[PDB]
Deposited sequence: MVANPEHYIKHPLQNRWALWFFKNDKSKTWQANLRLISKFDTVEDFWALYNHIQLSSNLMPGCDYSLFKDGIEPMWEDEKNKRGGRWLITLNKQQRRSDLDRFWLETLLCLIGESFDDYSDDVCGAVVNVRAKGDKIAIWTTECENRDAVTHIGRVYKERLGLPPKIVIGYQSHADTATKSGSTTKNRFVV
């Protein structure tokens, strides 16, 4: 049997998608819920086309997709010394750019679009807030400039951001209660 006809195309890693819903009755970690995991091309699209778009999510909810074994928390061993490539979005970009940016974010991860430094990526997070939405790509170490910079430069080009726009990178240790890199 020739394999192309009947086998799902496997991804290089198995990913886990998380959902967060703000509820003051529970603690923050208690509001984190793992939705599903996948490791094939077909199983990702089956899950993506089955969940609501982040534009359609209630303000205060988050989507998170991380490599299996890494949890969307800075306390995780692969996140204590890392950081995020942060993209800030205004209220009008919710309609125009939020959904296409998040899908491109997902594709750059499951597609390992960052060459050798794709191992340094931990996951991605999109937060839907009323004051403005955020999309971030998390990395495992903030002190590897060659790794963090190349990821930010490839990320900015894949989103189509013009050189007039500038994105920053913040360490989890600094951000948890400025920009370490700029591209």
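Enquirer: As a test: can you identify every run of the deposited sequence that has no C-alpha position in this structure, in order?
Expert: Coordinates drop out over 1 to 2, 180 to 185.
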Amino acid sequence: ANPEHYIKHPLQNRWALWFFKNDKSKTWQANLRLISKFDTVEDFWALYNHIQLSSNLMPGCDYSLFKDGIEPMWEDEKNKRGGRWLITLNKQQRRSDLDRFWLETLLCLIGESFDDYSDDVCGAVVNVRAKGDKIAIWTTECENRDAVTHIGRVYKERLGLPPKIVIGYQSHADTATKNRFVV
From here on, numbers count along this sequence of modelled residues.
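Rigid core (definition): largest C-alpha set, two forms, superposition within 1.5 Å.
Enquirer: What stretch shows more C-alpha movement in 9 other deposited structures of this protein relative to this form, 94 to 102 or 70 to 78, after the core is superposed?
Expert: Stretch with the higher C-alpha RMS distance in 9 other deposited structures of this protein: 94 to 102.
Enquirer: Is the larger C-alpha RMS shift in 9 other deposited structures of this protein, relative to this form with the rigid core superposed, found in 85 to 93 or in 109 to 117?
Expert: The stretch that sits farther from the shown form in 9 other deposited structures of this protein is 85 to 93.
Enquirer: On mean Cα temperature factor in this entry, is 139 to 147 or 37 to 45 the higher one?
Expert: Averaging CA B-factors over each stretch, the winner is 139 to 147.
Enquirer: Once you work out the mean C-alpha B-factor for both 167 to 175 and 11 to 19 from the entry, which is higher?
Expert: If you average the C-alpha B-factors of 11 to 19 and of 167 to 175, the larger mean comes out for 167 to 175.
Enquirer: By the record's CA B-factor, is residue 94 among the lowest, middle or highest third of residues in the chain?
Expert: Lowest third, going by the recorded CA B-factors of the chain.
Enquirer: Within this chain, which third does the Cα B-factor at residue 118 fall in: lowest, middle or highest?
Expert: As the PDB entry reports it, the C-alpha B-factor of residue 118 lands in the highest third of its chain.
Enquirer: Check where residue 158 lands among this chain's C-alpha B-factors and tell me if it's the lowest, middle or highest third.
Expert: Residue 158: CA B-factor falls in the middle third of its chain.
Enquirer: Sorting by Cα B-factor within the chain, modelled residues only, which third would residue 58 end up in: lowest, middle or highest?
Expert: For residue 58, the deposited C-alpha B-factor lands in the highest third.
Enquirer: Grab the CA temperature factor for residue 111 from the record and place it in the lowest, middle or highest third of its chain.
Expert: Lowest third, going by the recorded CA B-factors of the chain.
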